[PDB]
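J.: Just passing along the structure, written as structure tokens.
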Amino acid sequence: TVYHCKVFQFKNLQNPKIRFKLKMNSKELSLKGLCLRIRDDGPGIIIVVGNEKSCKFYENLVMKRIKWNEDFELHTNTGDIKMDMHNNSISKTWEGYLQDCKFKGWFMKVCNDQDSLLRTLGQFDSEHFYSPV
RNA sequence: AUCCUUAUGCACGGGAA
RNA sequence: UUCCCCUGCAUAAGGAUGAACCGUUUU
């Protein structure tokens, strides 16, 4: 059993509407994998492992349907904040086939440094999908 | 998960024998 | 007690298609 796989990378993920869309669409499509980023305000990586149709649909999702370029408003304990998303982007670094994924479920972490991010990818032998910095 | 159509069961109202 | 009509609830069959402020996971 081999599974389709895609790998993406984003400059910023702070918009909760997105992060919601990401998690929900991962579980609803039975995609395995993960989504990481270095610190809340950081850039990171998405990996989706699944059947073709799910991965193509999710690709269409992240690429075509979600507009990461548009600014938003972060509701806060203190009051709204004008959140600048004009300098955001998402691209696909990989796609192909994987013999077996040590990926169990799907989750969305936030790593301290880049090293922690690597190691986290190193649990699942995927560090090789990260184009650092 | 939502809409519509068909079939069945239960409850209420109106009319006939 | 039977028949006819309207409204509400549950089950089954068939056809068509969306949203959702949320982080190691609550198919």
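What follows is calculated from the coordinates using simple rules that are stated; it is not laboratory data. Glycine gets a Cβ as well: all are built from the backbone with ideal geometry, and neighbour counts include every protein chain shown.
J.: In whole Hz and in residue order, list the ³J(HN,Hα) couplings for segment A:91-104 that follow from phi through the Karplus curve 6.51 cos²θ - 1.76 cosθ + 1.60, θ = phi - 60°; x for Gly and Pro.
T.: Values per residue, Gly and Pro as x: 10, 9, 8, 8, 6, x, 10, 10, 5, 7, 9, 6, 5, 8 Hz.
J.: Whole angstrom only: what separates the Cα centroid of segment A:1-60 from the Cα centroid of segment A:82-122?
T.: Using only Cα atoms to place each centre, the spacing works out to 8 Å.
J.: Extending each Cα 7 Å along its Cβ direction at A:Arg119 and A:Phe57, get the distance between those two points in nm, one decimal.
T.: About 3.7 nm, to one decimal.
J.: Right, another one. Please give the FRET efficiency for A:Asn69 paired with A:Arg39, using the beta carbon to beta carbon distance and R0 = 22 Å, rounded to the nearest 0.05.
T.: Computed FRET efficiency for A:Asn69 and A:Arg39: 0.55.
J.: Run the simple label-point estimate for A:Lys27 and A:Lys104 please: 7 Å along Cα→C-beta, distance reported in nm.
T.: 1.6
J.: Could you point to the residue in A:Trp68, A:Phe10, A:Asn51 farthest towards the positive end of chain A's charge dipole, with +1 and -1 charges on the Cβ of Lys/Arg and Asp/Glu respectively?
T.: Value computed over the given set: A:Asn51.
J.: Sorted by packing (mean other beta-carbon atoms within 10 Å per residue), highest first, where do A:39-51, A:20-32, A:78-90 land?
T.: A:39-51, A:20-32, A:78-90
J.: When A:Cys35, A:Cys111 are ordered from fewest to most other Cβ atoms inside 10 Å of their Cβ, what list results?
T.: Exposure proxy ranking, most exposed first: A:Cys111, A:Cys35.
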